[PDB]
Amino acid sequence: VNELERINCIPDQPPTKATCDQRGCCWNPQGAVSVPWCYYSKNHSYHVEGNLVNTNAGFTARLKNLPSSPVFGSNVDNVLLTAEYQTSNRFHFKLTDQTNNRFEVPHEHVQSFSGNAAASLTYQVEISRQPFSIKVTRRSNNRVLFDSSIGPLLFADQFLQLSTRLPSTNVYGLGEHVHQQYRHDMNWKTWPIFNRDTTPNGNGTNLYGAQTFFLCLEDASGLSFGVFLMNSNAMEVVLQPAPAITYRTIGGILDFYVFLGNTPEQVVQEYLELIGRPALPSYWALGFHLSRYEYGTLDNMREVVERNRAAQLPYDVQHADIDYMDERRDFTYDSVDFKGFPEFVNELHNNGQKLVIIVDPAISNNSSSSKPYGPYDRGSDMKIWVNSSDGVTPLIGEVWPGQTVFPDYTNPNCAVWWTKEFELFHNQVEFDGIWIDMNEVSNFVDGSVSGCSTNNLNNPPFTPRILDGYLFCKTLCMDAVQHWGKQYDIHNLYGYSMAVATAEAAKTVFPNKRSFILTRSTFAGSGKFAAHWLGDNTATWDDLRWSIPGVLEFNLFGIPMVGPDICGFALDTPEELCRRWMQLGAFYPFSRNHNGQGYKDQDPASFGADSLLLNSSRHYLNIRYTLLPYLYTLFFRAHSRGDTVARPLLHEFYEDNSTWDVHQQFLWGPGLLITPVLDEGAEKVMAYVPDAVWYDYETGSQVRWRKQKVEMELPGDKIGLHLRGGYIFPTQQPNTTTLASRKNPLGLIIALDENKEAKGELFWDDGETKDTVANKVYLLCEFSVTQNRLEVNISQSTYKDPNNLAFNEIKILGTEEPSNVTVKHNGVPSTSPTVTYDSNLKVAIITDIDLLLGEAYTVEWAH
């Protein structure tokens, strides 16, 4: 064995020859740091027994265990391999215990496959007999994509493992973690996955969510593939420089999907086609959100709101954290400190703003006939709590209010309970959206108020390297019991089940509306239901840098509406950091400035009504709002086709290997390049300029750089923003709310390519109705520019905005002077627009034009 290819046989303890011999592995204490001294042999594992059997969907094989002594339990004797050729670009295989049913994720979106093997496969599947291995290769070039032959298949009740070689080291994904870099180096690295309330810091631990998806860019041609494991048990993913990746899990079954694409974007699209495409956000959820833990009183909250309104900050949503509650209890508000709450909400609404309230899962069990607590009384009547292992007594833990029980959101009768709680509360405080937190689930005691019994669930043969080394640390007992099964098996599905139930509640509370759900904990497929934030970060320059890979990864995971707490949750934010963070933060898909308890104010206006930070924050938030029709159309493509929103350079520029590890810059869709200053004291950033025409957003000027590293001059008041030649960006005059800004004149920014051509599109609907796309109530138009000509073209036309909207300005970058501008409407001429032209910058701006939204036009000019 070449040392890069050794598969570690002692993941659980420091390596010894005696343990190696006892396990029947190979011993070689010679090797570079991290190279396993003890590793699985060439042979041993499982072998194929007899022949493969053709089925309608693909094939089955029986695998029989090559005997050895138990490591972490003894391998299941007979394993069944079921292989389904589901589509041309998606292969599914699962490994089950041939004799017993095992836990399988009861995913809400994924359906069982029936039907026949797809035609025109882009992949071929190869099975080796002795020992068992599975290989998936790309048909067109025979590139080996998945190849398990590097390691054994291990399949014991509480220890399952399968490895695969990888065709390159361009590997992106896995979660939820702070990876720090976007491209995984492929040096010996183990990532534990198990939903846990812990700080997203530099220690590389398991965080709030469970995401097994990874994408691999195979080569410069763009050809890419992805892998997904459908398994909700505690697990870790081991990366090594072969290159190779091992999945090591402690229950369930190995249920794998392999996705192929011509480009990275097509791999994400194939993945989201399987697990579920993201929900379309309400248009208002794309504006700026402001928040903090512990305003303390409504007076203090109103004070913050009003100083940011007075500053003309674009500011659509105010969040209210646990301080609104009466003693941190769900579905109450503090009648003294938040006296006047309903009247404040009216004020918010009348100002065009929205209210999002935090709701925790854990319910106070403190209720007597003297002093009733309704959510607990109604919950106990319905019998909808998570129970201890006896299957009958509700588990007691502790969160914000004191001792608590936990809803079992897997029980469909729990959504009924939860919905009524929301109905009852909305009658008091008319919130518009819901922020669901602490849903790993997070417990202030370990397991329960009486701890956890010693047994194989709470104390398993092998524990992945999760924070603190016990599964029940700061969560529920592993033998706690829910409708979908035991906590051991479904722990990673709590936040997922809770987002599903919460989306159910929205159907009653916000009939026909999307509303907004923000969730902490996630499983694969959570973006169908919710936005995500990156959790309790810290006001450091490290946390600023680390945010970008975290945002890009959740876009691969199909949770495109994602961002961190701008300026940092924990700690007092320095002015310089917060100013650089607000500049970048104006371009996160989810843009929220949120702050921890006790720390100095960090809302933009708090820095002073004439401060650089406020001026800069207002400036870039106004740019964000200007480009909201472009951002919104990007979320439309994510929702309907599965595209990313916040996009890596390498997804558009994969032919250039200089982009393969860029994580300090990113794109909005194909066309907008964002380059933040991310270092203290810097007024410059070393940045990559991909192989395209680029125009400075602010001046419109063509940059002299192409396909090269540059130092971009970015003073205290700037972030780099460039528009790609070849693309047309729809815009709308901004205002301090989207309620108002949506009524304003539209514009087009045409960035010309070398041939003086460009293309773009605009999606437009009512901005809030649920499933306008599935029910086809929307406008979609295309803009295309050739020499001397712009065409506005309508493809779907089943929504006409009642506000009489129109394009009143067109800015053309990289153009020679356009003259004699003519506008035709469905063929008919007329009259004559104004053109202003800057021959130095090659910018033309056409005004005094009125192109109605949803109407076809041709706009023509001479040179």
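Only the largest set of C-alpha atoms that superpose within 1.5 Å between the two forms is called the rigid core. One rule holds for the numbers: they count along the sequence shown, beginning at 1.
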Which of 72-80 and 569-577 strays further in 9 other deposited structures of this protein - Cα RMS after rigid core alignment: 72-80
Just give me the stretch that moves more in 9 other deposited structures of this protein: 552-560 or 180-188, judged by RMS C-alpha distance after a core fit. 180-188
Please say, as none, 1 to 3, 4 to 9, or 10 or more, how many residues of the deposited sequence are without coordinates in the interval between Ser830 and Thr831. 1 to 3
Between 765-773 and 704-712, which has the larger average Cα B-factor in the PDB entry? 704-712
Taking the deposited Cα B-factors and averaging over 819-827 and over 54-62, the higher mean is found in 819-827
Among the choices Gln428, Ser497, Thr738, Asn142, identify the one whose CA B-factor in the record is greatest. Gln428
Which of these, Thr633, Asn231, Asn492, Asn78, has its C-alpha atom at the highest B-factor, as the entry lists it? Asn78
Mind checking which third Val392 falls in for C-alpha B-factor across the chain? highest
Of the three thirds of Cα B-factor ranks in this chain, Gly251 occupies the lowest
By the record's CA B-factor, is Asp323 among the lowest, middle or highest third of residues in the chain? middle
By its CA B factor, does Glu553 count among the lowest, middle or highest third of the modelled residues in the chain? lowest
Among the modelled residues of its chain, does the C-alpha B-factor of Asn366 lie in the lowest, middle or highest third? highest
